[PDB]
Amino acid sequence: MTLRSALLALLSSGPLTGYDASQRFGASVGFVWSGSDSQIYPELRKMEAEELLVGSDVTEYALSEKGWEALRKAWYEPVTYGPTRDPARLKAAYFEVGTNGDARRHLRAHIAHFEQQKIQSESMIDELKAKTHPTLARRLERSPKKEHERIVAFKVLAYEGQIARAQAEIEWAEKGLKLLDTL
């Protein structure tokens, strides 16, 4: 359902073949809602069967009127917050299963993972503000000019959220490394 919503959002930037959709998805919205080539391809086919997409041969998918309607309905609805599935938090809760040295290794890897995430998110923000990110560029060319500021600002906001979470994860792991000094 949520993968469908992310595909509707992606396809509102313009029509795409399944292969191109898979490529553009992973370079854009896949950073906040991941989807692989084996998930995207059958969902696109299902959305076409449910008449949310129109298929045209160039096999290239475009939103139908029902697809635009489904996009707007999906966004209007409140977020349904799923339960937490955090492998690093699970690991940390049971660090006593291993050594303090193991725990430091895990916490250092946590820091490195989210420091890399921060670099990736900040680079994405640079491309969004430069308006040259390929999916954003297509979106802007097909969007009213009065909407461009909001369109870019909300993409930036999403990646600022990735950065905020990453920073909290880094400082949490730093506090854990200090905890390990004592016990």
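The first residue of the shown sequence is 1; numbering continues from there.
> Unmodelled stretch from the deposited sequence between residue 58 and residue 59, which bin: none, 1 to 3, 4 to 9, 10 or more?
Replying inline: Count of unmodelled residues in between: 4 to 9.
> If you average the Cα B factors in the entry, which is higher, 79-87 or 97-105?
Replying inline: 79-87 has the higher mean C-alpha B-factor.
> Which of the two stretches, 138-146 or 66-74, shows the higher mean Cα temperature factor in the record?
Replying inline: Looking at the recorded C-alpha B-factors, 138-146 comes out higher on average.
> Of the options 131, 46, 118, 155, which has the highest CA B factor as deposited?
Replying inline: In this record, 46 carries the highest C-alpha B-factor of the candidates.
> Lowest, middle or highest third: where is residue 124 by C-alpha B factor in its chain?
Replying inline: Ranked within chain, residue 124 CA B lands in the lowest tercile.
>> Splitting the chain's C-alpha B-factors into thirds, which one does residue 166 fall into?
In response: For residue 166, the deposited C-alpha B-factor lands in the lowest third.
> Thinking about Cα B factors across the chain, which third does residue 21 belong to?
Replying inline: For residue 21, whose C-alpha B-factor we compare with every modelled residue in the chain, the answer is the highest third.
> In terms of the chain's CA B-factor thirds, is residue 183 lowest, middle or highest?
Replying inline: Highest third - that is where residue 183 ends up once the chain's C-alpha B-factors are sorted.
> If you rank the chain by CA B-factor, which third does residue 1 end up in: lowest, middle or highest?
Replying inline: Its C-alpha B-factor belongs to the highest third of this chain's values.
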